[PDB]
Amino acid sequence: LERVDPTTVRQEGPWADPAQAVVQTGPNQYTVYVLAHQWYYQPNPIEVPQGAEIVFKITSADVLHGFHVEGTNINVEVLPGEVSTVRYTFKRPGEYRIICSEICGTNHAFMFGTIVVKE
């Protein structure tokens, strides 16, 4: 179990700078640091290449959230203080909706993101 401090994740560590969310970690491998908030995803959109292995590293800045990529079997709970890891290779270019699968308050019904898979 991989633990982080939710009260400092916006200020120190790999989720602190939103411009640095996508990091190449092998010839055809990218790690993506996703930070869920009430009520949006950081970064948005997430842009990745077709056929590369993606390693998502997902945590929460406040309350329990969900992270589900429509059209795949990616569906994880996202807890403050914990890192959820998911590995996946996207074979078809195009756009996929990201949906929050855990009730999280006022604007839960509007918490959407996007992943763009480039040709």
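One-based numbering along the sequence shown.
Regarding 55-63 and 90-98, which shows the higher C-alpha temperature factor on average in the entry? Per the PDB entry, the higher value belongs to 90-98.
For the stretches 70-78 and 34-42, which has the higher mean C-alpha B-factor as given in the deposited record? In the deposited entry, the stretch with the higher C-alpha B-factor mean is 70-78.
Quick check on the deposited entry: does the C-alpha B-factor of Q50 sit in the lowest, middle or highest third of its chain? As the PDB entry reports it, the C-alpha B-factor of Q50 lands in the highest third of its chain.
Third of the chain, ranked by Cα B-factor, where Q24 sits: Answer is lowest: the recorded C-alpha B-factor places it there.
Split into thirds by Cα B-factor across the chain's modelled residues, where does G13 land: lowest, middle or highest? Middle third by C-alpha B-factor.
Determine, from the deposited record, the chain-internal third of the Cα B-factor for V4: lowest, middle or highest. Within its chain, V4 is a highest-third residue by C-alpha B-factor, going by the deposited values.
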